[PDB]
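Structure first, then comments.
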Amino acid sequence: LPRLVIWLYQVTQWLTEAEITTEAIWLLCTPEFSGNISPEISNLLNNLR
Amino acid sequence: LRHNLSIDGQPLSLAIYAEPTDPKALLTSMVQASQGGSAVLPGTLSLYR
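This is the structure:
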């Protein structure tokens, strides 16, 4: 529990210093995907093929 | 005495300020659209080179 507390404090301090929101940092930290093909991916296909 | 005031009706307890929720900011983003090409017309072959 104290390890989690100190990790959370350091993470929040660094995040506030970097001035990043919550869902944005979620997306830019997790390796997950949106769920389907994005319009940008479709444009990449249509400009690559 | 019933309403807990002074002799001249001044309230004996200071009314709370009730600080408002205040407004919030608004955001907008970009929107894209995709299209295809037109049908290729068979070029009428001329005689030139």
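Protein chains in written order, with full-length UniProt numbering: chain A, 636 to 684; chain B, 2001 to 2049. Where is the CB? At the ideal position from N, CA and C, for every residue including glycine.
Whole-angstrom C-beta distance between residue j and residue i, which should lie under 8 Å
i	j	result
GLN2035/B	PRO674/A	12 Å between Cβ atoms; not a contact.
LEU2005/B	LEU2012/B	6 Å
Simplified DSSP state of residue i, which is helix, strand or coil
i	result
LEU2005/B	strand
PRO2011/B	strand
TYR2017/B	coil
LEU2047/B	coil
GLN2032/B	coil
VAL646/A	helix
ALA2025/B	coil
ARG638/A	helix
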